[PDB]
Amino acid sequence: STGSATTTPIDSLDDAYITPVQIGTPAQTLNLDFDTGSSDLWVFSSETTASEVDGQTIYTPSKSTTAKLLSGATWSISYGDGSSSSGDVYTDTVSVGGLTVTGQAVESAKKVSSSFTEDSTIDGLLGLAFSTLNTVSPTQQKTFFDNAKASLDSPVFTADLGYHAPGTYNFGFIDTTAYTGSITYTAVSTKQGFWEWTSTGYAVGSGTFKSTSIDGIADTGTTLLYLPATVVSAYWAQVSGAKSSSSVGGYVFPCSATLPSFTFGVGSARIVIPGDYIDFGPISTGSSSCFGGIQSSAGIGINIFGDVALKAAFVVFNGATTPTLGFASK
């Protein structure tokens with residue numbers, strides 16, 4: 001089997017991406033944030049504290065003839081950005097782009113943190129990291145991809161995120177028309193539960209490429225590109241007036257700037273992030289200070305190849321017995 005679903009930016013700045021997912025019988029379609037950095041499929045629901053719901057579409061398990069309460073199971077997750085959610089668990093039928101998993105754990109939120117409530121565009125998350133990170137207790141549950149894997153034509157999914165435009169998540173096949181040149185594959189460590197790999201270096205604009213190992217994760221659920229302070233300083237030094245602002249919470253730059261590109265290495269291959277991809281707009285409405293899309297990972301504890309980086313590539317998440325990652329230009 002295969003599946004193919006369109007993923008769409010939530011706003012004009014690509015602050016996150018949503019993909020429609022069918023849950024239950026009859027189908028209830030929710031717009032979920034596909035997140036290769038976590039491993040829980042959780043949704044706003046009829047059980048979510050009413051004051052914490054503001055415009056999201058909810059899953060109502062009582063209206064699904066295939067929903068079953070997973071007795072005794074609870075979940076609770078805290079994300080790197082400080083957000084969180086928790087609740088109980090159903091199993092139900094979940095379909096993405098034509099690919100159906102029966103008996104999928106659907107984690108129903110009883111509580112969500114403020115950033116989730118405040119984002120009316122996202123009805124939940126669909127985790128695509130390794131199932132070892134799944135938070136369901138006392139019996140850990142598998143991701144949608146893990147459950148689908150045996151049925152898929154090939155044990156892979158691909159992320160093809162757009163810049164200020166829709167893109168595609170495919171399951172079970174590689175669309176050879178969706179990228180240019182060749183896909184370069186690179187090793188993955190699953191030791192931390194992530195799609196963790198090592199970039200071979202970087203360049204800023206038309207500058208020379210610096211060969212240096214940068215360990216990080218391919219994370220579709222993180223918006224920005226988080227890299228070591230040395231790398232990030234080298235990038236923003238090429239933008240007149242750019243500075244790190246403690247009060248704003250990262251590098252900002254004059255909105256009048258034309259940003260340089262940023263290149264990262266995948267083995268001997270190179271992925272070029274155009275400068276415009278690094279512009280996240282005014283820090284507040286009407287400001288002429290703009291927020292940068294490349295930020296320091298210092299104090300995160302990990303480098304994160306988030307959407308800023310991934311959207312410049314066609315990315316293969318190869319879930320074979322020894323997983324690997326592939327990157328192509330597009």
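Computed over heavy atoms, backbone and side chain alike; hydrogens, waters and symmetry mates excluded. This chain uses plain numbering: 1 for the first residue, then up along the sequence.
For the residue pair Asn303 and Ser297, a side-chain donor N or O sits within less than 3.5 Å of a side-chain acceptor on the partner. If you check the side chains of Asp92 and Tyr59, you find a donor sitting under 3.5 Å from an acceptor.
Applying side-chain hydrogen bond (donor to acceptor under 3.5 Å, both in side chains) to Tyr17 and the options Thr19, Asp14, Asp15 leaves one that passes, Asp14. With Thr121 as reference, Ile10 is the one residue of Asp11, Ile10, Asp33 to meet the side chain to side chain contact (heavy atoms under 4.5 Å, CB included) rule.
Aromatic ring pairs are classed by plane angle as parallel below 30°, tilted from 30° to 60° and perpendicular above 60°; the pair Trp195 and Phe145 is tilted. Note: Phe262 and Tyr202 have parallel aromatic rings, judged against thresholds of 30 and 60 degrees for the angle between ring planes. Ring geometry, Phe171 versus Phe144: the interplanar angle exceeds 60°, so the pair is classed perpendicular (tilted spans 30 to 60°).
The side-chain heavy atoms of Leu13 and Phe291, taken from C-beta on, include no pair separated by under 4.5 Å. Looking only at side-chain heavy atoms (C-beta outward), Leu227 and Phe264 stay at 4.5 Å or farther from each other. Taking the side chain as every heavy atom from C-beta outward, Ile214 and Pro228 approach each other to under 4.5 Å.
Remark: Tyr163 engages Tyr277 in a ring-ring contact (aromatic ring centres under 6.0 Å, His included) (not counting sequence neighbours).
A pairwise comparison of heavy atoms in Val188 and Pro323 identifies CB-O, 3.5 Å as the closest pair.
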*Walk me through it: do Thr184 and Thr186 pass the test side-chain contact (heavy atoms from CB on, under 4.5 Å)?*
CA-CA 7 Å; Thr184 295; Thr186 195; 5.6 Å; no
